[PDB]
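Take a look at this single chain in C-alpha cells; it is the form deposited in one PDB entry.
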C-alpha cells in the first residue's frame, strides 16, 4: 500500500478532523466515572502548517451536545455533555 503525496498532503494539512476526547480526563471537570462511553469523538482542528512557526486553529466554532449515558447502578440516565466542535481551521503565527 502506497499513498500518493497529494493524498498525504491534502489529508495531513490543517483542517477539522474527528478527534477522540477522554471524558473524566480531558476537561478537568468531572474526574469521576459511570459514563458510557467514557470518551467522545468530536471535530477539531488538526494537522500541520506549511510553516514550523504557524499553528492550526479554529476560525469557526460551535458547541455540540453529546448524549452520554450516566450510571449509578440501579439507574442509568442519558445525560448531555456539551463541547467545542470546529468547522473551519486556518494556519497562523502562534504568537
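Residue numbers count along the first chain shown, from 1. Heads up, when I say rigid core I mean the largest set of C-alphas that superpose within 1.5 Å between the two forms. Only residues modelled in both forms are compared.
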| item | value |
| --- | --- |
| Mean C-alpha temperature factor, higher of 54-62 and 26-34 | 26-34 |
| Greater mean Cα temperature factor according to the PDB record, 66-74 or 35-43 | 66-74 |
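Below, we refer to the form deposited in another entry, which is not included among the displayed structures.
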query: Position with Cα shift of 2 Å or more, rigid core superposed between the shown form and the other one, options 30, 41, 59, 38; finding: 30
query: Large Cα shift (2 Å or above) at residue 75 between the shown form and the other one, core-fitted; finding: yes
query: Outcome for the Cα pair residue 31, residue 39 in the other form, compared with this form (closer or farther; change of 3 Å or more); finding: farther
query: Distance trend in the other form - C-alpha atoms of residue 29 and residue 86, change of 3 Å or more; finding: farther
query: Segments of at least three residues whose Cα atoms shift by 2 Å or more between the shown form and the other one, after superposing on the rigid core; finding: 24-33, 71-75
